[PDB]
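See below for the structure under consideration.
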Number of protein chains: 2
Amino acid sequence: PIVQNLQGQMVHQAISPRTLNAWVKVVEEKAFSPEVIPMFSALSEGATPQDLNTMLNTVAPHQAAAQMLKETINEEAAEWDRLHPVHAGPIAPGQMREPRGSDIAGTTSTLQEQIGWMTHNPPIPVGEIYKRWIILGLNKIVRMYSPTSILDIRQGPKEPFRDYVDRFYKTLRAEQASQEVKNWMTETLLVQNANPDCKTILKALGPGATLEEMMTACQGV
Amino acid sequence: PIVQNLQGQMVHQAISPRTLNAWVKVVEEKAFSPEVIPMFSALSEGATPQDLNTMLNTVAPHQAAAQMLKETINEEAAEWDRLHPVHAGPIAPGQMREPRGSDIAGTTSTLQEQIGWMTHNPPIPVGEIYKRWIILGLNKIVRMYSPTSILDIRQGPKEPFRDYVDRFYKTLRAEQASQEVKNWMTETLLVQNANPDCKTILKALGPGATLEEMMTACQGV
Ligand SMILES: O=P(O)(O)O[C@H]1[C@H](OP(=O)(O)O)[C@@H](OP(=O)(O)O)[C@H](OP(=O)(O)O)[C@@H](OP(=O)(O)O)[C@H]1OP(=O)(O)O
């Protein structure tokens, strides 16, 4: 992250060891479940690209996930270079150069370059964009490691309706289908895969019932 | 039917043999089920009263049905004579006489008389009125031959709801109750005679639900 020194100048502060250890616990203990992404986003809050690569070292022992992340990051860097062609010409002395795809990812840049790029009015946030690339890679990894299809999430004969709903929506978060397909899933498949008593009540409830009304009508069933 | 010759004059064309054979198949194979009436109406499309009597010969071997048709036709002819008293007086040379009940049914008229009566501006359609009398007779015949009461149409334990609905409405078409009684039947008896699971859902659906909503809520039940 970025901190101000006693003289009012922006200084890079490394991630503290217990934050890094929290991220290591997330990576090594949670099997890339969907909650790895909110936790990563919280733990890399306000980070520089050099900090993000420190957090990416924890993924390297997981070769398939690390390779998927590398492919996503290379694709994003190439796309960034294509959409930001390197202008050839003079530059104002008070203006800094334009980082490349290998620079936003911190492969060839240095710490002061990233601090200066991020600390500006108006800012060009290099940490947030690299973070979004990482999150796309992690979404792909969560999709790859998902153990069940949404078609296989079915309410047990004695399972409470809220628990089935939580499992259903967690798998839906993992699968990341298209928006229209997701709407069809939540409207139709949730009712279709409920157990007989809840299914009877939900069918009687009619189409277009909100999830809150469905939870109300199935509370003790 | 009526066709125009090469000189532009209206000429009667007989019913083709395969149309008559289609009507014979309807009469001899369908046991006077309710669909005999739409089929008869389609097959006698644009017919003259002389054509209608050719189609009525097919019914003559069925003595009860033929007698019911004859009674209905005699009643309609008598009513037509009563509501159209034979005016005694001069008639315009450019105006034709008024057919009687025995003439619209083609018992005493001739082909040219019927062609001239039907081909006029404005027309006096003798084929359509005789056809409506025939249809009243056929409705009575369909009522007589109906095998089941509407009170006896009950959904089977595994019967799909759409099939029960189709049987119910077909019997209702056969029975031809009064309009208010029919509305009571479709609103109350259909729900009352459904099987337990569909009945539970329909009772939960509430009064005044449309048939489409009932079909939606019972699709796989
Ligand atoms: O309206 P319909 O009286 O039933 O007329 C049809 C129709 O003939 P037209 O349209 O020429 O009057 C058929 O023609 P398609 O368009 O089906 O071809 C024809 O069948 P063919 O094509 O075999 O000529 C058929 O004639 P057919 O009796 O030989 O089956 C004939 O029926 P009618 O002869 O009873 O008028």
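Every chain in the structure tokens takes a letter, A first, then B, and so on in the order presented; its residues are numbered from 1, and the ligands are numbered from 1 following the presented order.
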
- Message: ligand 1: which residues are within 9 Å, counting only C-alpha atoms and all ligand atoms? Reply as number ranges by chain.
- Response: B: 15-19

Taking only C-alpha atoms into account, what are the residues of chain B at most 10 Å from chain A, put as a compact mmCIF listing (two decimals) with N, CA, C and O atoms, in the first residue's frame?
```txt
# COMPACT_ATOMS: atom_id res chain seq x y z
N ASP B 197 -53.72 -34.00 -5.50
CA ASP B 197 -52.60 -33.06 -5.55
C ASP B 197 -52.96 -31.81 -6.34
O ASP B 197 -52.74 -30.68 -5.89
N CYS B 198 -53.51 -32.00 -7.54
CA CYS B 198 -53.97 -30.87 -8.33
C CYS B 198 -55.06 -30.10 -7.59
O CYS B 198 -55.12 -28.88 -7.68
N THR B 200 -55.39 -29.76 -4.28
CA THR B 200 -54.72 -28.94 -3.28
C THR B 200 -54.14 -27.68 -3.89
O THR B 200 -54.34 -26.57 -3.37
N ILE B 201 -53.44 -27.82 -5.02
CA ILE B 201 -52.83 -26.65 -5.65
C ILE B 201 -53.91 -25.67 -6.12
O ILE B 201 -53.78 -24.46 -5.92
N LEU B 202 -54.98 -26.17 -6.73
CA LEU B 202 -56.02 -25.30 -7.25
C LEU B 202 -56.78 -24.58 -6.14
O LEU B 202 -57.14 -23.41 -6.28
N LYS B 203 -57.03 -25.27 -5.02
CA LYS B 203 -57.63 -24.61 -3.87
C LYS B 203 -56.72 -23.52 -3.33
O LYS B 203 -57.19 -22.43 -2.97
N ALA B 204 -55.41 -23.78 -3.25
CA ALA B 204 -54.48 -22.74 -2.84
C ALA B 204 -54.45 -21.58 -3.83
O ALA B 204 -54.19 -20.44 -3.44
N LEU B 205 -54.71 -21.85 -5.11
CA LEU B 205 -54.69 -20.81 -6.13
C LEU B 205 -55.79 -19.78 -5.95
O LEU B 205 -55.66 -18.65 -6.44
N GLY B 206 -56.89 -20.15 -5.30
CA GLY B 206 -57.95 -19.21 -5.00
C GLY B 206 -59.03 -19.17 -6.05
O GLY B 206 -58.87 -19.67 -7.17
N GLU B 213 -53.66 -20.11 -15.72
CA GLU B 213 -52.92 -20.19 -14.47
C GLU B 213 -53.04 -21.57 -13.84
O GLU B 213 -52.07 -22.10 -13.28
N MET B 214 -54.22 -22.17 -13.92
CA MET B 214 -54.41 -23.53 -13.42
C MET B 214 -53.57 -24.53 -14.20
O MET B 214 -52.99 -25.46 -13.61
N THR B 216 -50.76 -23.81 -15.73
CA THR B 216 -49.38 -23.53 -15.37
C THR B 216 -49.01 -24.20 -14.05
O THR B 216 -47.97 -24.87 -13.95
N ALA B 217 -49.86 -24.05 -13.03
CA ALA B 217 -49.53 -24.54 -11.70
C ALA B 217 -49.64 -26.05 -11.56
O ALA B 217 -49.23 -26.59 -10.53
N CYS B 218 -50.18 -26.76 -12.55
CA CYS B 218 -50.39 -28.20 -12.45
C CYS B 218 -49.63 -28.99 -13.51
O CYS B 218 -49.95 -30.16 -13.73
N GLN B 219 -48.61 -28.40 -14.13
CA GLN B 219 -48.06 -28.96 -15.37
C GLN B 219 -47.49 -30.36 -15.16
O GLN B 219 -47.84 -31.30 -15.89
N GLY B 220 -46.61 -30.52 -14.19
CA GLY B 220 -46.00 -31.81 -13.93
C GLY B 220 -46.55 -32.56 -12.75
O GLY B 220 -46.01 -33.61 -12.39
N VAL B 221 -47.62 -32.07 -12.13
CA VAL B 221 -48.15 -32.65 -10.91
C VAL B 221 -48.87 -33.96 -11.19
O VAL B 221 -48.43 -35.02 -10.76
```

- Neighbour list for residue 109 of chain B as a PyMOL selection string, cut-off 12 Å, only C-alpha atoms, skip fewer than 4 positions in-chain: chain B and resi 48-50+97-105+113-117+126

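Near residue 131 of chain B, within a cut-off of 10 Å and counting only C-alpha atoms, sit the residues residues 40, 41, 44, 45, 46, 47, 48, 49, 52, 105 and 137 of chain B, with same-chain residues fewer than 6 positions away left out.
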
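Using only C-alpha atoms, the contacts of residue 168 of chain A at a cut-off of 8 Å, with sequence neighbours closer than 5 positions omitted, comprise residues 150, 153 and 190 of chain A.
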
- Task: Show which residues sit within 7 Å of segment 154-159 of chain A, as a count of residues only. Count only C-alpha atoms, and ignore same-chain residues fewer than 5 positions away.
- Result: 4

- Could you pull out all residues of chain A with a DSSP call of strand (DSSP E or B) and give them as a PyMOL selection string? chain A and resi 2-4+10-12

Would you mind exporting the chosen residues as a PDB file, in the first residue's frame, restricted to C-alpha atoms?
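Output (again.pdb):
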```pdb
ATOM      1  CA  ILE A   2       0.834   3.726  -0.010  1.00  0.00           C
ATOM      2  CA  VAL A   3       1.472   5.772   3.139  1.00  0.00           C
ATOM      3  CA  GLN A   4       2.524   9.355   3.821  1.00  0.00           C
ATOM      4  CA  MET A  10       3.809   9.156  -0.486  1.00  0.00           C
ATOM      5  CA  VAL A  11       5.785   6.075   0.584  1.00  0.00           C
ATOM      6  CA  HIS A  12       5.154   2.411  -0.190  1.00  0.00           C
TER       7      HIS A  12
END
```
